[PDB]
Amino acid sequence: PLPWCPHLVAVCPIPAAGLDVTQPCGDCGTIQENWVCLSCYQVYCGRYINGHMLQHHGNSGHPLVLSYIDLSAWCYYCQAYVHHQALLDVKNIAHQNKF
């Protein structure tokens, strides 16, 4: 992945409620291929399901999303995966919840 991107500034603090990696898509309710938005922590499905996270990006402009499949972070603007220390806390919380 990229070691940095200009949208890391939009990554917001993790809710003290934590993350639920089994949370369904906020629109369609699918349990498959969900992502969590690292700005507002809404959960929506991936491109290969119903594309609700891509829709959320288009309607919010929020840049960076974390996969509940493999804990990768995608930036929609840079069209790349990104990893940086600003993402370690959220990845690690997600990992602890998942495994």
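Note that residue numbering follows the sequence shown and begins at 1.
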> Out of 71-79 and 10-18, which one has CA B-factors that are higher on average in the deposited record?
Replying inline: 10-18
> Can you tell me which third, lowest, middle or highest, the CA B-factor of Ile49 falls into for its chain?
Replying inline: middle
> If you rank the chain by CA B-factor, which third does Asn59 end up in: lowest, middle or highest?
Replying inline: highest
> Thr30's Cα B-factor: lowest, middle or highest third of the chain?
Replying inline: middle
